[PDB]
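The structure's right below; bear with me while I get my questions together.
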Amino acid sequence: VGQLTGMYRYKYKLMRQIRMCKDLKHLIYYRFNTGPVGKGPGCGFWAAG
Amino acid sequence: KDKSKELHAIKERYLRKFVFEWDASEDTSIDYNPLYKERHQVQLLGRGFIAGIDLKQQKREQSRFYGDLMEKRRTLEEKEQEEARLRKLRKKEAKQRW
Amino acid sequence: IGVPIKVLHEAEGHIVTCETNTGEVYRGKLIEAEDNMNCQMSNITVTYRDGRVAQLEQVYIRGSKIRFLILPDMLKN
Amino acid sequence: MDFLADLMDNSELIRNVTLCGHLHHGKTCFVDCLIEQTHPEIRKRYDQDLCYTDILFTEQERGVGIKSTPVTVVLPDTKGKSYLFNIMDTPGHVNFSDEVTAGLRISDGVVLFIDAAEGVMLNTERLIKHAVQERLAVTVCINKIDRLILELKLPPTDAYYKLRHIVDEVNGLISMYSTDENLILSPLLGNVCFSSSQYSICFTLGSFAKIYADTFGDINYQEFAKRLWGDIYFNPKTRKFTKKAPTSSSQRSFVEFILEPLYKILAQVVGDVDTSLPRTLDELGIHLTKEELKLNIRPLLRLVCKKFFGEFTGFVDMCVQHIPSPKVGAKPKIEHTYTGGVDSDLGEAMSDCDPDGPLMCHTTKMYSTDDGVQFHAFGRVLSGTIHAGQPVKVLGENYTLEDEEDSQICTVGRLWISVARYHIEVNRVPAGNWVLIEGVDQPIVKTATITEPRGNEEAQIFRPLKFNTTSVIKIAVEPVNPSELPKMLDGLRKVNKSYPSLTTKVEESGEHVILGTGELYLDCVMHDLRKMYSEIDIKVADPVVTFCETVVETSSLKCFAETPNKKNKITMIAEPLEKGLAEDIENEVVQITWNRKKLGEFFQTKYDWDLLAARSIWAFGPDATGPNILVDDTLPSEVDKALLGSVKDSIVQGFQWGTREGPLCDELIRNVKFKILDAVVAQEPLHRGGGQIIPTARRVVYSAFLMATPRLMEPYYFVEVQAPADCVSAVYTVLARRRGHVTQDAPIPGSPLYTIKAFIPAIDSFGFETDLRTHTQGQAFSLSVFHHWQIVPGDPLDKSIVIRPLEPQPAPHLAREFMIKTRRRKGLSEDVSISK
Amino acid sequence: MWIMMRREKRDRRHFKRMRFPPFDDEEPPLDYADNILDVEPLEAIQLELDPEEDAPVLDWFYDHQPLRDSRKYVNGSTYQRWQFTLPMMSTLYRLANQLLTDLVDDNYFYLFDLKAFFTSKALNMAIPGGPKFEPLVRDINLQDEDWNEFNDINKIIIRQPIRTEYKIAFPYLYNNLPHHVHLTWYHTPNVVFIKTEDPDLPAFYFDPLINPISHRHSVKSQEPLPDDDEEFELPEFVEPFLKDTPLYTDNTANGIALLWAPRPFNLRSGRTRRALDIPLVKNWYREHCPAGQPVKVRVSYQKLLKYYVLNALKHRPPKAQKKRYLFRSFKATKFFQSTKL
């Protein structure tokens, strides 16, 4: 959301949510890109964030 | 290097910028001792697997210790169904592979 | 399970008296209170109708000659 | 309600029990089930275990019982006879062995608890020994039967195999501890009960026979209660129980008529709950409504098993006919408990438990109030009757007939019999029962013989509370601000009162020291000391271990000691004892109350000691059970026996205290033999007084000890761990890091869990209970208890050893590092000198 | 969805991510009537269900609000307090195995409970896998406690260092000033559960994962036992309680394995939650650690746990209200209309 929309420039606290979502990504990705999956833009587990 | 690290830890105890990526200085998993640096992952009787990680990747990655334990204890009279179910699995996911 | 048989089973082991049909009154601790009225006591004082009273180390009266029994009513209240 | 008091008056329909068992074996849940059976308004939550007897908050948060809780409850029997039950559900943690003993002195029955999936564990191995040593009837209740079905999913035959393996292992293990041969436990005999506390299942073979009799009818439940457990079977065609197999695929009677129906009913209430559940409840007479069928699986299982089995009659009739009543069990309890035994007038007065006889009730617990100010004592009225407001006499633990100063006349404020959370006020408590006496806290520490004033002239006290373990770990305690030090003195006194083996002590350096059994024990006692009694701030030193001082070889010279008058002269030699002799003293195998002939034969046969000295052995170390020994070995021609017999007492007095302190540092002296080679006593009783002999005695003892090559003995904890086979190496790696070594690694039969028994130094075992679970991610778990003492590696008296400030030293330096810091902790001199 | 999105990421060698903004940026959004209404929507992401196993959920699994019409399973259109049969719940649990750790007990959460994290926060200490927090009280002077005769080094024996988790497990023994500290030692008896893997097997089977009992008869440890035809006889009527019913049905292994399922899947019935209030990966960062994962996701784990613990600690009971719904007042107002769209 931060990259696509510059809303963090109008309320700083949003960084928390921003960082929160990114952290969630990392959590899901490392669990998603496991075994023969590889790395790429193939994850759509959006309900986490 | 564990000794010097643990002695140093004993001495420690007894004596604007919109950045989104976190810092590596908030990491806490750093450990000066092996028993917590390398924790024994729960094999969970071999029949339990971590949620996010894929199943068969864990199966082949598993320590196989319970595999050889079962190989030791299992008798011939009840190995036929084990082999049959294993081959039937290999066939039915081979269906997906092909 | 009846109310009188349940009171005889729950009244066993405490100090109570039992008078038979022949006038023999045995007072003591009911060691065994069977469902057929068989009362077995140990070291009970047995007094006959003539007035002679003695002590029995182990007595057992059958349920056919059971007249009445007076026990402590503290368990009912 | 008044029927409670009416039954209270009687002394033959009363049982005193302890549901002693291993850690987390369902004892508290068992008492909770009994409460749910008695009180209707008390209903356990659907998921969270109610834990009724866990009344203090710290055990409500840590999840482990810490202190025994009295439960006074009226239980119907199998035949429906009410019995008054005094229940002392002791904490299961082995570090909390204090309360097991504290509740075992005031009880006549032992109801063991064993997890069906865990088998015999470390704790139970000591409780069977302890209960046998305290002369109580022992009964086993295998709890958590559900684990064999809902978790292990064992075949019913294998479930019976597991049950019999854990039943006979108890019988096999107890045969070492029990001298008598009437102590064989078996469910057919009625010693063994089977229960699942969570699902309220409970039965003895008699009770289950009663259920079948209830259903079919015209069945004698006693004869059918027999012929159930064993290798016999059932023939469906001849309707007779046979030792031999009636069919090829036969099945034992117990499994066929008890375990299999349990399997089927709980499988029907956990599987096909929607299709075949009404069918299997119609076949069993269990009628349920719609709304009580919409619950989850666990509450439904508990409700259905409550409906099917019914009340907890199996436990009641198991207990009634297999533990003696107080009127029957008083004689062994007195002959093992009262100092004078049954022989004395008061001793004979106890064999009958007369409600109107002399009152010398015995209190062995301190249950504080909610404000922590006053302490309500808890005890058993072994005989006599007590009343509110009665002027009573409280004795002590050092009170004797000669020392009449260790007592106080007090006023019993109120009286109430307590069942966990709520207490029932009673004006009179008869004999053979339990009671919380109030207003007697002031003159008591731990146990007390509260007796009649000016009515029991020659009455003695009860024996001191002997434990199974030993207080090993030692922690220093100070206030943060010394300006409130007295606030902490009373708190330390309070925690000393509310913990039977707690040992507060002030040392020369103005240091307050608390002695405990384990890490969790000290955690609990200091939480009590901080948030409960003192409500102030307290600094704690990191835990340290008490040490012992010993010898390995005789001294190079016969070092002696003389009084300042240079008239008396005592020469003594310190040498080690035979391997295993020290254990044969602490176990009360031999005493000082023995006659000379028996001890002489004992040492002539078992320890081949010469009779010239076997009849010349005065004392046994410090106190009475001390592992050290004093030996008279002077030839009669040089030392006059008549002159010797005067200082024969004072030398022991300076020795029983000489070995207690220790020359190296203020630690116990253990496994040392003292031979006297020369005595020059004053020919007149004027200058040979105690004030001259006793310092000379301690000086000669210290000189002999120092001249003999001294060593330190550290106490090793015996640690058992239970882990799945994938974590056994994860236990070896941890135990190798703390100087430990593994003795055995035995898989538990009928379960994938293992049992690794090892030894670990107590000073090296701090955090190991957490160093293991975290390393194995919580799968493994450890329990620790003191086992023995071992010579610390290295020589404690070498001056070439340098002690660095803040890093561990190797093994050879340990014996030097341990004492010196200990000496520095004791405030003593840096090193040891021959003058001491 | 998790089990399949991992397959098309493995099937599609490259991924054609949708363009953004998909709709022409700065361009009036397309009218719904002319374009969207007529075009047939493409197939949605869906797993083909096996009728041999997933049959209990085959009829309605991918509906908008499953079992909304079925009065047997749900209360009604309000869609609360669903009731699910055991085959249904077991099928759902088997299908959700990719989003569920197979943890039966909580002993794996020894020092990663939220109570232990409250302790670590109140002590200004961090579990190696746990988050870091600002001190509850600065107490810098109390940190700078002087070298007394109590805490003197030369009086202290150091064998193994007092690690942070030691001071967390026993926060009244190894440390000083334990204010606002919580306790947890819930070593629940580690449940010994062996989930079945054979589709065909007796539900109560003695699988080799159990060490054999090894029954013995070496010593004649006899007990009171009868002989044949010895003063006893059984009535013809009396039998074991359950003879007709089988020892184990087909739904016995599934039911037993459903006891030790995670929190959502051990309920026969329960209330309905919102789509917002279901954290699917909540039990992922609550796990002990990531098994050998890089730093940029380890720190992610600590930063997720930090916010989780902060929310748990700062939680307050909701304030009593009067239940004034907003859209209901709109429906009451003459200025608004309702419509399915």
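Order as written gives the chain letters A, B, C, D and E; numbering starts at 1 within each chain.
Quick note on the criterion: contacts are C-beta pairs under 8 Å (C-beta built on N, C-alpha and C of every residue); 3 or more make two chains touch, one makes a residue touch a chain.
Chain-to-protein mapping (UniProt): D = 116 kDa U5 small nuclear ribonucleoprotein component.
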Study note, to complete from the structure: Greatest centre-to-centre gap (Cα means) from subunit E is with chain C
Check your understanding: Using mean CA coordinates as chain centres, what's the subunit B-subunit C distance in Å?
Key -> 73
Check your understanding: At what distance in angstrom does the C-alpha mean of subunit D lie from that of subunit C?
Key -> 44
Practice item. Averaged over CA atoms, how far is the centre of subunit A from the centre of subunit D? Could you give it in whole Å? Key: 57
Practice item. Averaged over CA atoms, how far is the centre of subunit A from the centre of subunit E? Could you give it in whole Å? Key: 22
Check your understanding: Which residue numbers or ranges of subunit D touch two or more of the other chains?
Key -> 737, 752, 771, 774, 777, 779, 806-807
Check your understanding: Using the touch rule from the top of the page, what residues of subunit C touch 2 or more other chains?
Key -> none
Review point. Taking each residue of subunit A in turn, which ones touch at least two of the other chains?
Key: 19, 22-23, 27-28, 30-32, 34, 36-37
Exercise for review: Assign the assembly's chain-to-chain touch graph to one of these shapes: line, ring, star, complete, other.
Suggested key: other
Review point. For this entry, which pairs of chains touch?
Key: A-B, A-E, B-D, B-E, C-D, D-E
Point to revise | Contact footprint of subunit E on subunit A as seen in their complex | key: 4, 16, 19-20, 22-24, 26-34, 36-38, 40-45, 47-48
Study note, to complete from the structure: Counting only contacts in the complex, subunit A reaches subunit B at residues 2, 8-9, 15, 18-19, 22-23, 27-28, 30-32, 34-37
Revision key, fill the gap. The answer for subunit E against subunit D in the complex is residues 83, 85-86, 107-111, 149-160, 162-163, 165-166, 169-178, 182-194, 196, 202-206, 209-215, 221, 223-229, 231-238, 240-242, 244-249, 251-256, 258-259, 266-269, 288
Check your understanding: In the complex formed with subunit E, which residues of subunit B make contact?
Key -> 6, 9-10, 13-14, 21-24, 26-31, 33, 36, 39, 41-42, 44-45, 47-52, 54, 66, 69-70, 73-74, 81-82, 85
Revision key, fill the gap. So, in the complex, the side of subunit B touching subunit D is made of residues 7, 10-11, 14-15, 35-36, 39-43, 45, 63, 65-66, 69
